[PDB]
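Q: Submitted below is the structure of interest, expressed as structure tokens.
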Amino acid sequence: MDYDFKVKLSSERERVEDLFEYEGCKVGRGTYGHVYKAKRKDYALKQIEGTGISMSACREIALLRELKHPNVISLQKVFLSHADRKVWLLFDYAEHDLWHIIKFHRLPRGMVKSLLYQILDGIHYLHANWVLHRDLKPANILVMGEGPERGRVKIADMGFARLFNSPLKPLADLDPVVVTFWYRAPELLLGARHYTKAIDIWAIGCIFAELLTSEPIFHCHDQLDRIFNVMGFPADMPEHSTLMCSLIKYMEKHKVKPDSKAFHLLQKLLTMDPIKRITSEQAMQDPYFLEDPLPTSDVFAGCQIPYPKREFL
Amino acid sequence: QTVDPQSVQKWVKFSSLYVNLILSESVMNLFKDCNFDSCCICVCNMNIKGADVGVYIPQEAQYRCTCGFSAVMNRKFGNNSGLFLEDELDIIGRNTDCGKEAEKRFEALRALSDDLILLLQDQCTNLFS
Amino acid sequence: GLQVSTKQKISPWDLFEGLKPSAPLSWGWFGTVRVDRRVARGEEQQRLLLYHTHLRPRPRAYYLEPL
Amino acid sequence: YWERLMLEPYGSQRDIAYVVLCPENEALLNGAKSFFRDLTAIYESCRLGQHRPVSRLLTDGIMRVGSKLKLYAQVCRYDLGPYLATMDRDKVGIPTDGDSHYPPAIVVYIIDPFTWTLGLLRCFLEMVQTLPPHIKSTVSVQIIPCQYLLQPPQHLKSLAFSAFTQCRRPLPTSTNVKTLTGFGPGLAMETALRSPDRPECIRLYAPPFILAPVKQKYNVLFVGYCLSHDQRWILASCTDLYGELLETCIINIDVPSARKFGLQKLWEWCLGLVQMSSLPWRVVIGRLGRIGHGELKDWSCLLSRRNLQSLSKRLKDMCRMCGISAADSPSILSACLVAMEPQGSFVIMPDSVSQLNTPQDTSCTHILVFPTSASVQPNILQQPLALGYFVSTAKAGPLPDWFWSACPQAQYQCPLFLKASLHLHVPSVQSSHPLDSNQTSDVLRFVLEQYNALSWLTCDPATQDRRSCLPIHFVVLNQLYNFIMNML
Amino acid sequence: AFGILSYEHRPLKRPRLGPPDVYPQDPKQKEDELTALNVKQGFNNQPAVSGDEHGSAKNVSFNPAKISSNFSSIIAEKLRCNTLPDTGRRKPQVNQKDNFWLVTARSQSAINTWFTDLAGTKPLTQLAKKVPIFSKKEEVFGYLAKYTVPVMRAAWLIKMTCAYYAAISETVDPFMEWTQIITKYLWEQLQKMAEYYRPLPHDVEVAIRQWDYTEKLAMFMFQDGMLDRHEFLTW
Amino acid sequence: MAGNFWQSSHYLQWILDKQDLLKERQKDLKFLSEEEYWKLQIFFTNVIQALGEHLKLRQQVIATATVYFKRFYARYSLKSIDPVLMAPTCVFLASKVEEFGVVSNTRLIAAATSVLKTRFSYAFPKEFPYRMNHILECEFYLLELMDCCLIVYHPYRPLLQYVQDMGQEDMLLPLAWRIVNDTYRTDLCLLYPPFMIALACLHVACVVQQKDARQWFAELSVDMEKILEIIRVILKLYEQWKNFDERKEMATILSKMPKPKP
Ligand SMILES: [Zn+2]
Ligand SMILES: [Zn+2]
């Protein structure tokens, strides 16, 4: 540990402010950090909240070093500035967030057929590599727009992602709340400590029904009443006694036909028990995708984009 | 043998005691070991002439050439086999006869781009020609 | 070691690729030995060469030059 | 029984895309498209990959043209230059695998209406210059006569294995690490690969079959050299112990001293191949002709005991780990010279006896060796160090004229007599192997059965036996000697 | 990274195991089962070695002469294991229930698919599991010339036809009886273009497109040593 | 990432050949011999094993940190940063990546300063003078020089898969576990993929207990010649441990170390 080592590393290092105009034009802000648009002197540059490396920051860098997929976001370079001791991240720019399509529409059925397919094949690959996202949100689904690839959505913000190959501690011991209450599973809302990979199957079916109706199905015990509201009460795991038909009508008021292949896939996606819930690979064996028009590689299919660019904050 | 050429040629168009005493000393007197036929320059005195060849081939004092070198037999192999042209003229002799005939034969034997010659050695590199 | 012993005559009506193993052909005729997969010895020499950085080879047109 | 047993060779099934050069004769046009579609079959029925043409549709991969060679050459140059320069119905039932982790070979096929024909080869001199380097780095040329289409089997499989041999797959330059870190071991081998002292276009060689291993790590090279019809060119070729490498060279010596430079120039090429490896070597030099009196003066003086120790001290300088580990230094452990020439004195007939008769259907090889001492009782010892005979039932191919000028009456006998001798025998340079023994009989009976072994690599699969005698490095040298005989 | 060997597509112990270090998603694993106790107290992870898992015994005696002698025995018997032992000569045999269809004319569209794939570039191992056999032996020559299949792929279908006929008739020399059908199919070809030249018709070109291929079929049939030479040249 | 070894960054990058580590260790070999460097690597593995044992940790975190200790010293000099500071910072990173739990700041000194003066006071007569500010810059520097390679495969998962396939579990697994715990002293994990180390472990343990494993080992198709030098390293590993002791020697080895300049 000496001075000549530091000047050798600083010579080999490069500065993010000397290569990118990340200052200004902040396009995205959240609890994960700030998102800036920058290019070489387009890309999405992320700065993680907090001085030093954190629990989310360690989870970010340990996984996506080795994972690669067309439907998953991919990092190109990390930056480590020792002046302030924080981690800088560089992804490719994603134009449209799925929250933007939902907000603009608040609808052809061809894209939501393919948006359902492209998330489900990616989440099967993510399950195949023995790791769980533990977070599925419409703000986490980002769409390429008029770039090198059209369609081909990417999943990002896996700050809550944890390996489940061998849990040396229970999963709820290091994380009591794993996802936002709009898409919390009732299983972990019952205080389940060891929970399986069926949590993400609940989350995609919630946001698919959100895409089916163009409205949040689950809206603000604060959500447990709402879970019992849309599903009725299940009359057929811990603190069960201390808690003190509806699916068909709730889809009917949102002009969705109850006798359809989408509804049969929707009702099998959400169950109280995780064992009777289907996992990732059996969902794509449903001929709902095969019926009539089928999922395309380009979700736009030549249609022009009515959704605007992400505005700078 | 004869038939095959004709076939393709079809397909082209429609598609004295003292005399014999001396002759015994230099003609039939050279019966050497055939295991020495792959011979080379002498090791005893480091010359292309050695042993008792000096009375059969027309000085220098070679002293007890104990190796199996014989320049008479060696010359026969040397005259028309694949050899270096500098080495070929040493076995014959530039001053004596037939060195001018070997030079004339080589010069009449001869009488383009660098990358094309490299191309020629690529196609013959393989197993099958 | 490995010598030659015999000759077997077989009709050409039996030699076909429809059946997966060799039915008219015996593998013990050839002394066939199944050995495991290994990398090419020239291929591993290229990876091993990457750390030495030896003397420069000729560009193969240097040899075709006048003296 | 290659296609019957459906065996797989080395090289892992290189694929070939092809272009066909054909004149506007209609009867000649139809014979080619039947030939190459059948050539597509024989290349693909055997497990060698794909023989599909260029992916764009141009009359099934065949282009047309049009004394008349100038007309044949303008459209050769003006066309081949820039040419070489959302519904998914069945993709829903299966998912995508992911991003996960070789370009096809381009070999142009040329038909020859002429029955000097270098003008067809003048296209290849024009195509090498007018292409980007990624395209031109692996381009092979294929020539066939036009009479194969019209008048005649064994031709189809022989042409398939020759093109698969001549693919010569280059070493990859991009390694696709995607480390995404400023520095690390992944960048270290990446940076060392793009260093300017590494050569370009390695062109790794893998034949359809190599010699099986026979039970430290070492390797033995076999190099053979002979002259051309004139004394202007010295032609050399080199092989491995197991035949996994096949390289040759052309060196020119032309004068209006003169012979020391040509022998010197061969050796840094021979030292070029060993220094592109990193294990110690054993060198054996073969000469197709006879060693004269003046060649061996150069072969002994600079390839002596001291000088091979001198280059051992030199090679430790530019490479550090050659200094530490001698097993990673590509030095030379022993040196030997073998001259190769016929005998022409003895004759054996196979018809006289004293379940299978040999010469009608198979070949055999028998060896007798001896120390050949000069009597029974400086740097160079006696002219024969040791000698052995090489008789073979296998016939030989077209030899040069000067090879058989000694005794031409022994050319036409089928069991062929050969005479091999030893001239240097330098053992244990770095200070048991058969080459390391000072016994002169043992160093014969090591190289000769490998010389028999490399003769068995000359088996054309369209031929029941090997197509000739002699090792392949002698045969390929004669394959380029007969080519320079006929064409220049 | 060309110098390293990958066992990714080379599985180890094909009966009882799979790929060497690739771990597939087993659907009967401990991470998917949910008892009543596993939900409440969390995952139950117990040490695989009872006692001190961290302790390593280095004071145990070793006999490297015993290990190398036993290891030499293990590698030696694999050479006896990987030997492909010699077997006697026998006629090749087929399973008739799955290798083909008994009736060819049940579907004309399936025949058009199979001969197109026969004219295609797929190697014949995949085509070996399902092959056509006609009512008689004469239709195989006319149909193959229609698709202009290469002769090497055409001759393999001929090797299919005699093999299945020998098995049903086991409950005959293949050379001349195949030669007879070849000659009589080519005999009737000469009836077309001889008498229809003397008083172009399309029916002549029907005969030309099938005579030309079958003649080139027969010469490659001849060079194989595949049929009897004497009676064919007599015809 | 787990379940696919042949596309991992450790297999693609951190598998280093024998000639590579010999060249990179030459600057460390300029002051000490190979025996002294190997005994030092034996001892500092034992220190890391002692620290992992004191923290009531598992075995998986100990092996990963030892690999992290071996990865940095494979390709960097010994006199760059003090190895006495490598031992706490690698254990913290290994426990962080496996999600076992983050140790406390004062706990790690209590883990360290207890151990180095209750079983290693002969090696270090002084105190351990290092704090979190030294550790936090080092682990931030160490992941910068690790090429972001935080996922390490281990031979224990094939070893349990090998013994469950074979059948004999009670009489083999304790003998199998102590060999793999011992083979982390050598550099075989940076040379080879791990499942030949587990296969060489299963070969050794059956010969030790005189178990006939002929038919199990002959049927499987992998290269047995590359097993042989792995066997050869292990028999050299235990043979040096017969004539090596801890308390006597390293008063000289640790006095002869090249210490980093302040
Ligand atoms: Zn002499
Ligand atoms: Zn070197």
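Naming scheme: A, B, ... for chains in displayed order of the structure tokens; residues 1 onward per chain; ligands 1 onward as shown.
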Can you check which parts of chain D lie within 6 Å of ligand 2? Per residue, the shortest pair of atoms and distance in Å to one decimal, counting only C-alpha atoms and all ligand atoms, sorted by chain and number, as a Markdown table.
A:
```
| residue | atom | partner | partner_atom_place_in_ligand_line | distance |
| --- | --- | --- | --- | --- |
| D:319 | CA | ligand 2 | 1 (Zn) | 3.9 |
| D:322 | CA | ligand 2 | 1 (Zn) | 5.0 |
| D:329 | CA | ligand 2 | 1 (Zn) | 5.8 |
```
Q: Next, dump the selected residues to file, keeping only N, CA and C atoms, as a compact mmCIF listing (two decimals), in the first residue's frame.
A:
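Saved result, again-v9.txt, follows:
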```txt
# COMPACT_ATOMS: atom_id res chain seq x y z
N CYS D 319 12.55 -13.83 -23.90
CA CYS D 319 11.47 -14.52 -23.21
C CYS D 319 11.92 -14.86 -21.80
N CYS D 322 11.37 -18.71 -20.54
CA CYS D 322 12.37 -19.61 -21.09
C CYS D 322 13.60 -19.69 -20.18
N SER D 329 10.80 -23.72 -22.95
CA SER D 329 11.64 -23.10 -23.97
C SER D 329 11.66 -23.97 -25.23
```
Q: With 10 Å as the limit and counting only C-alpha atoms, what residues in chain F lie close to chain D? Please list them as JSON, numbers by chain.
A: {"F": [7, 9, 12, 13, 14, 15, 16, 19, 20, 22, 23, 24, 26, 75, 143, 144, 145, 146, 147, 148, 149]}
Q: To test your reading of the structure, identify every residue in region 83-117 of chain B that backbone DSSP assigns to helix (DSSP H, G or I), and report it as a PyMOL selection string.
A: chain B and resi 85-92+99-110+114-117
Q: Go ahead and write the selection's residues with N, CA, C and O atoms as a compact mmCIF listing (two decimals), in the first residue's frame.
A:
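Heads up, here's the output in again.txt:
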```txt
# COMPACT_ATOMS: atom_id res chain seq x y z
N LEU B 85 25.24 -26.78 -57.67
CA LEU B 85 26.00 -26.50 -58.88
C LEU B 85 27.45 -26.14 -58.58
O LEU B 85 28.34 -26.43 -59.39
N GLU B 86 27.70 -25.49 -57.44
CA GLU B 86 29.07 -25.30 -56.99
C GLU B 86 29.73 -26.64 -56.67
O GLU B 86 30.89 -26.86 -57.02
N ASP B 87 28.99 -27.54 -56.01
CA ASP B 87 29.54 -28.84 -55.67
C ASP B 87 29.68 -29.73 -56.90
O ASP B 87 30.59 -30.56 -56.96
N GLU B 88 28.79 -29.56 -57.88
CA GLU B 88 28.85 -30.36 -59.10
C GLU B 88 30.12 -30.07 -59.90
O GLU B 88 30.75 -30.99 -60.43
N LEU B 89 30.52 -28.80 -59.96
CA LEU B 89 31.73 -28.44 -60.70
C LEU B 89 32.99 -28.88 -59.98
O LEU B 89 34.04 -29.03 -60.61
N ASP B 90 32.94 -29.07 -58.66
CA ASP B 90 34.10 -29.58 -57.94
C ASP B 90 34.34 -31.05 -58.25
O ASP B 90 35.49 -31.48 -58.38
N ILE B 91 33.27 -31.84 -58.34
CA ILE B 91 33.40 -33.26 -58.64
C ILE B 91 33.87 -33.47 -60.07
O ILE B 91 34.68 -34.36 -60.35
N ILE B 92 33.41 -32.63 -61.00
CA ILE B 92 33.86 -32.73 -62.38
C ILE B 92 35.22 -32.07 -62.56
O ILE B 92 36.21 -32.71 -62.94
N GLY B 99 33.29 -29.91 -67.60
CA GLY B 99 32.78 -28.84 -66.75
C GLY B 99 32.10 -27.76 -67.56
O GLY B 99 31.13 -27.14 -67.11
N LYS B 100 32.60 -27.51 -68.78
CA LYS B 100 31.94 -26.58 -69.68
C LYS B 100 30.66 -27.16 -70.26
O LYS B 100 29.75 -26.41 -70.63
N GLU B 101 30.56 -28.49 -70.34
CA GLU B 101 29.36 -29.11 -70.88
C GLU B 101 28.23 -29.10 -69.85
O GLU B 101 27.05 -28.97 -70.20
N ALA B 102 28.58 -29.25 -68.57
CA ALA B 102 27.57 -29.16 -67.51
C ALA B 102 27.09 -27.72 -67.34
O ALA B 102 25.92 -27.48 -67.04
N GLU B 103 28.00 -26.75 -67.52
CA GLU B 103 27.61 -25.34 -67.48
C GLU B 103 26.70 -24.98 -68.65
O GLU B 103 25.76 -24.20 -68.49
N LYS B 104 26.99 -25.53 -69.83
CA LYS B 104 26.16 -25.28 -71.00
C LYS B 104 24.77 -25.91 -70.85
O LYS B 104 23.77 -25.31 -71.24
N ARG B 105 24.71 -27.11 -70.26
CA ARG B 105 23.44 -27.78 -70.05
C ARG B 105 22.56 -27.03 -69.06
O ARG B 105 21.34 -26.91 -69.26
N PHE B 106 23.15 -26.50 -67.99
CA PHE B 106 22.39 -25.72 -67.01
C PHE B 106 21.91 -24.40 -67.60
O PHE B 106 20.77 -23.99 -67.36
N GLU B 107 22.76 -23.72 -68.37
CA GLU B 107 22.39 -22.42 -68.93
C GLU B 107 21.34 -22.56 -70.02
O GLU B 107 20.48 -21.69 -70.17
N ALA B 108 21.38 -23.65 -70.78
CA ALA B 108 20.34 -23.91 -71.76
C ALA B 108 19.05 -24.38 -71.11
O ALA B 108 17.98 -24.29 -71.74
N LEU B 109 19.11 -24.89 -69.88
CA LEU B 109 17.91 -25.35 -69.20
C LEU B 109 17.02 -24.18 -68.79
O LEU B 109 15.79 -24.28 -68.87
N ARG B 110 17.62 -23.08 -68.34
CA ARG B 110 16.82 -21.89 -68.05
C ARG B 110 16.37 -21.20 -69.33
O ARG B 110 15.21 -20.77 -69.43
N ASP B 114 5.85 -12.05 -57.48
CA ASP B 114 6.21 -12.72 -56.23
C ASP B 114 5.00 -13.36 -55.56
O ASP B 114 5.11 -14.46 -55.00
N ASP B 115 3.85 -12.70 -55.60
CA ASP B 115 2.66 -13.24 -54.96
C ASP B 115 2.06 -14.41 -55.72
O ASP B 115 1.34 -15.22 -55.12
N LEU B 116 2.33 -14.52 -57.03
CA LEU B 116 1.79 -15.64 -57.79
C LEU B 116 2.57 -16.92 -57.53
O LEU B 116 2.00 -18.02 -57.55
N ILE B 117 3.88 -16.81 -57.29
CA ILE B 117 4.68 -17.97 -56.91
C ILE B 117 4.27 -18.46 -55.52
O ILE B 117 4.28 -19.66 -55.25
```
Q: Can you pull out every residue with an atom within 10 Å of ligand 1? Use only C-alpha atoms and all ligand atoms and format it as a list in words.
A: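 So the residues close to ligand 1 are residues 40, 41, 42, 43, 44, 45, 46, 47, 48, 49, 50, 51, 62, 63, 64, 65, 66, 67, 68, 69 and 70 of chain B; 382 and 383 of chain D.
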Q: May I have the selected residues written with N, CA, C and O atoms, as a JSON list (two decimals), in the first residue's frame?
A:
```
[["chain", "number", "residue", "atom", "x", "y", "z"],
["B", 40, "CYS", "N", 30.84, -39.41, -49.33],
["B", 40, "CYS", "CA", 30.95, -37.96, -49.28],
["B", 40, "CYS", "C", 32.43, -37.59, -49.23],
["B", 40, "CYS", "O", 33.29, -38.42, -49.55],
["B", 41, "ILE", "N", 32.73, -36.35, -48.85],
["B", 41, "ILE", "CA", 34.10, -35.85, -48.84],
["B", 41, "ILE", "C", 34.90, -36.56, -47.76],
["B", 41, "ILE", "O", 34.35, -36.99, -46.74],
["B", 42, "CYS", "N", 36.20, -36.75, -48.01],
["B", 42, "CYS", "CA", 37.05, -37.57, -47.16],
["B", 42, "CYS", "C", 37.24, -36.94, -45.79],
["B", 42, "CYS", "O", 37.26, -35.71, -45.65],
["B", 43, "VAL", "N", 37.36, -37.79, -44.76],
["B", 43, "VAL", "CA", 37.58, -37.30, -43.41],
["B", 43, "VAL", "C", 39.06, -37.35, -43.06],
["B", 43, "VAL", "O", 39.53, -36.62, -42.17],
["B", 44, "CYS", "N", 39.83, -38.19, -43.76],
["B", 44, "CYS", "CA", 41.23, -38.42, -43.41],
["B", 44, "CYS", "C", 42.08, -37.18, -43.68],
["B", 44, "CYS", "O", 42.86, -36.75, -42.82],
["B", 45, "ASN", "N", 41.95, -36.60, -44.87],
["B", 45, "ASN", "CA", 42.73, -35.44, -45.26],
["B", 45, "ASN", "C", 41.87, -34.27, -45.74],
["B", 45, "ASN", "O", 42.42, -33.26, -46.17],
["B", 46, "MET", "N", 40.53, -34.42, -45.69],
["B", 46, "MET", "CA", 39.55, -33.36, -45.99],
["B", 46, "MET", "C", 39.72, -32.89, -47.45],
["B", 46, "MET", "O", 40.13, -31.76, -47.73],
["B", 47, "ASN", "N", 39.48, -33.80, -48.38],
["B", 47, "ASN", "CA", 39.59, -33.55, -49.81],
["B", 47, "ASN", "C", 38.54, -34.34, -50.56],
["B", 47, "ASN", "O", 37.99, -35.33, -50.06],
["B", 48, "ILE", "N", 38.27, -33.91, -51.80],
["B", 48, "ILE", "CA", 37.41, -34.65, -52.71],
["B", 48, "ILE", "C", 38.20, -35.68, -53.52],
["B", 48, "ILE", "O", 37.67, -36.24, -54.48],
["B", 49, "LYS", "N", 39.45, -35.92, -53.15],
["B", 49, "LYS", "CA", 40.29, -36.94, -53.76],
["B", 49, "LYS", "C", 41.05, -37.65, -52.66],
["B", 49, "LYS", "O", 41.62, -37.00, -51.77],
["B", 50, "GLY", "N", 41.06, -38.97, -52.70],
["B", 50, "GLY", "CA", 41.71, -39.73, -51.65],
["B", 50, "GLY", "C", 41.87, -41.18, -52.05],
["B", 50, "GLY", "O", 41.50, -41.58, -53.15],
["B", 51, "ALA", "N", 42.43, -41.95, -51.11],
["B", 51, "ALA", "CA", 42.74, -43.39, -51.23],
["B", 51, "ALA", "C", 43.69, -43.57, -52.42],
["B", 51, "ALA", "O", 44.62, -42.77, -52.59],
["B", 62, "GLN", "N", 48.31, -36.97, -50.27],
["B", 62, "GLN", "CA", 47.35, -37.58, -49.36],
["B", 62, "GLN", "C", 48.03, -38.72, -48.61],
["B", 62, "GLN", "O", 48.57, -39.65, -49.23],
["B", 63, "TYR", "N", 47.98, -38.66, -47.29],
["B", 63, "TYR", "CA", 48.78, -39.55, -46.44],
["B", 63, "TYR", "C", 47.85, -40.49, -45.68],
["B", 63, "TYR", "O", 47.20, -40.08, -44.71],
["B", 64, "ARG", "N", 47.79, -41.75, -46.14],
["B", 64, "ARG", "CA", 47.11, -42.86, -45.47],
["B", 64, "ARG", "C", 45.62, -42.57, -45.25],
["B", 64, "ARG", "O", 45.12, -42.48, -44.13],
["B", 65, "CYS", "N", 44.92, -42.43, -46.38],
["B", 65, "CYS", "CA", 43.48, -42.20, -46.36],
["B", 65, "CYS", "C", 42.79, -43.50, -45.94],
["B", 65, "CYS", "O", 42.59, -44.40, -46.75],
["B", 66, "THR", "N", 42.45, -43.60, -44.65],
["B", 66, "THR", "CA", 41.94, -44.84, -44.10],
["B", 66, "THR", "C", 40.43, -44.97, -44.20],
["B", 66, "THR", "O", 39.88, -46.01, -43.80],
["B", 67, "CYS", "N", 39.73, -43.96, -44.70],
["B", 67, "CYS", "CA", 38.28, -44.04, -44.84],
["B", 67, "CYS", "C", 37.94, -44.75, -46.15],
["B", 67, "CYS", "O", 38.82, -45.07, -46.96],
["B", 68, "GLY", "N", 36.66, -45.00, -46.38],
["B", 68, "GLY", "CA", 36.22, -45.75, -47.54],
["B", 68, "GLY", "C", 35.89, -44.90, -48.75],
["B", 68, "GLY", "O", 35.15, -45.34, -49.64],
["B", 69, "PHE", "N", 36.44, -43.69, -48.80],
["B", 69, "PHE", "CA", 36.14, -42.78, -49.90],
["B", 69, "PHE", "C", 36.87, -43.21, -51.18],
["B", 69, "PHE", "O", 38.06, -43.56, -51.16],
["B", 70, "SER", "N", 36.14, -43.17, -52.29],
["B", 70, "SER", "CA", 36.70, -43.43, -53.61],
["B", 70, "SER", "C", 36.08, -42.40, -54.56],
["B", 70, "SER", "O", 34.86, -42.41, -54.75],
["D", 382, "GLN", "N", 33.12, -40.21, -40.00],
["D", 382, "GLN", "CA", 33.08, -40.99, -41.23],
["D", 382, "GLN", "C", 31.84, -40.67, -42.07],
["D", 382, "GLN", "O", 30.80, -40.26, -41.55],
["D", 383, "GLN", "N", 31.98, -40.83, -43.40],
["D", 383, "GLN", "CA", 30.92, -40.43, -44.32],
["D", 383, "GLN", "C", 29.64, -41.25, -44.13],
["D", 383, "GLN", "O", 28.55, -40.64, -44.05]]
```
Q: Please provide the set of residues having any atom within 10 Å of region 162-171 of chain E, restricted to only C-alpha atoms, with same-chain residues fewer than 4 positions apart removed, written as an MDAnalysis selection string.
A: (chainID C and resid 13:14 16) or (chainID E and resid 91:96 99:100 133 137 157:158 178)
Q: Could you write those residues out with C-alpha atoms, as an mmCIF file, in the first residue's frame?
A:
```cif
data_model
loop_
_atom_site.group_PDB
_atom_site.id
_atom_site.type_symbol
_atom_site.label_atom_id
_atom_site.label_comp_id
_atom_site.auth_asym_id
_atom_site.auth_seq_id
_atom_site.Cartn_x
_atom_site.Cartn_y
_atom_site.Cartn_z
ATOM 1 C CA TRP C 13 -26.024 -55.042 -50.858
ATOM 2 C CA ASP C 14 -25.348 -55.042 -47.094
ATOM 3 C CA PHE C 16 -25.959 -49.078 -46.150
ATOM 4 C CA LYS E 91 -26.828 -59.973 -42.353
ATOM 5 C CA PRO E 92 -28.094 -56.525 -41.278
ATOM 6 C CA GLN E 93 -31.542 -56.681 -39.698
ATOM 7 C CA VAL E 94 -34.383 -54.183 -39.298
ATOM 8 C CA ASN E 95 -37.430 -53.668 -37.114
ATOM 9 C CA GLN E 96 -40.385 -53.677 -39.502
ATOM 10 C CA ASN E 99 -38.845 -48.270 -39.938
ATOM 11 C CA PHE E 100 -41.382 -47.591 -42.713
ATOM 12 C CA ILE E 133 -41.694 -49.153 -50.169
ATOM 13 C CA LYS E 137 -40.267 -52.489 -57.393
ATOM 14 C CA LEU E 157 -32.987 -45.999 -51.171
ATOM 15 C CA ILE E 158 -32.247 -49.014 -53.391
ATOM 16 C CA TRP E 178 -32.775 -56.210 -59.471
#
```
Q: So that each row is one residue of chain D with an atom at most 8 Å from chain E, can you give its shortest atom pair and the distance in Å to one decimal, using only C-alpha atoms, rows by chain and rising number, as a tab-separated table?
A:
```
residue	atom	partner	partner_atom	distance
D:37	CA	E:150	CA	7.6
D:38	CA	E:150	CA	5.8
D:41	CA	E:121	CA	7.0
D:42	CA	E:152	CA	7.8
D:44	CA	E:123	CA	7.2
D:45	CA	E:123	CA	5.7
D:153	CA	E:220	CA	7.1
D:175	CA	E:1	CA	6.7
```
Q: Output C-alpha atoms of each residue in that selection to a file, as an mmCIF file, in the first residue's frame.
A:
```
data_model
loop_
_atom_site.group_PDB
_atom_site.id
_atom_site.type_symbol
_atom_site.label_atom_id
_atom_site.label_comp_id
_atom_site.auth_asym_id
_atom_site.auth_seq_id
_atom_site.Cartn_x
_atom_site.Cartn_y
_atom_site.Cartn_z
ATOM 1 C CA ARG D 37 -25.040 -30.448 -56.770
ATOM 2 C CA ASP D 38 -23.611 -33.966 -56.585
ATOM 3 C CA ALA D 41 -24.080 -34.284 -51.790
ATOM 4 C CA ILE D 42 -20.724 -36.040 -51.305
ATOM 5 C CA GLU D 44 -22.461 -33.315 -46.945
ATOM 6 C CA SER D 45 -23.190 -37.056 -46.888
ATOM 7 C CA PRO D 153 -17.221 -41.900 -58.723
ATOM 8 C CA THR D 175 -11.922 -13.091 -27.643
#
```
Q: What residues in chain F have any atom no more than 9 Å from chain E when counting only C-alpha atoms, and can you write them as JSON, numbers by chain?
A: {"F": [2, 3, 4, 5, 6, 12, 13, 49, 53, 58, 59, 157, 158, 160, 165, 170, 173, 174, 175, 177, 178, 179, 180, 181, 182, 194, 195, 203, 204, 207, 208, 213, 214, 215, 217, 218, 219, 220, 221, 222, 224, 225, 228, 231, 232, 235, 238, 239, 241, 242]}
Q: What residues in chain C have any atom no more than 8 Å from chain F when counting only C-alpha atoms, and can you write them as a compact mmCIF listing (two decimals) with N, CA, C and O atoms, in the first residue's frame?
A:
```txt
# COMPACT_ATOMS: atom_id res chain seq x y z
N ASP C 36 -10.94 -40.70 -25.70
CA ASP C 36 -11.68 -39.51 -25.31
C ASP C 36 -11.20 -38.28 -26.07
O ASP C 36 -10.16 -38.28 -26.74
N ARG C 37 -11.99 -37.21 -25.96
CA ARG C 37 -11.71 -35.98 -26.68
C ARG C 37 -10.61 -35.17 -26.01
O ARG C 37 -10.57 -35.03 -24.78
N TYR C 51 2.40 -15.68 -24.31
CA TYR C 51 3.13 -15.07 -23.20
C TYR C 51 4.62 -14.92 -23.47
O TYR C 51 5.27 -14.09 -22.82
```
Q: Mind dumping a table of every chain C residue within 12 Å of chain B, with the nearest atom pair and its distance in Å to one decimal, using only C-alpha atoms, sorted by chain and rising number, as JSON lines?
A:
```
{"residue": "C:59", "atom": "CA", "partner": "B:118", "partner_atom": "CA", "distance": 11.5}
{"residue": "C:60", "atom": "CA", "partner": "B:118", "partner_atom": "CA", "distance": 8.4}
{"residue": "C:61", "atom": "CA", "partner": "B:114", "partner_atom": "CA", "distance": 7.3}
{"residue": "C:62", "atom": "CA", "partner": "B:114", "partner_atom": "CA", "distance": 10.1}
{"residue": "C:63", "atom": "CA", "partner": "B:114", "partner_atom": "CA", "distance": 10.2}
{"residue": "C:64", "atom": "CA", "partner": "B:114", "partner_atom": "CA", "distance": 7.0}
{"residue": "C:65", "atom": "CA", "partner": "B:114", "partner_atom": "CA", "distance": 8.8}
{"residue": "C:66", "atom": "CA", "partner": "B:114", "partner_atom": "CA", "distance": 11.4}
```
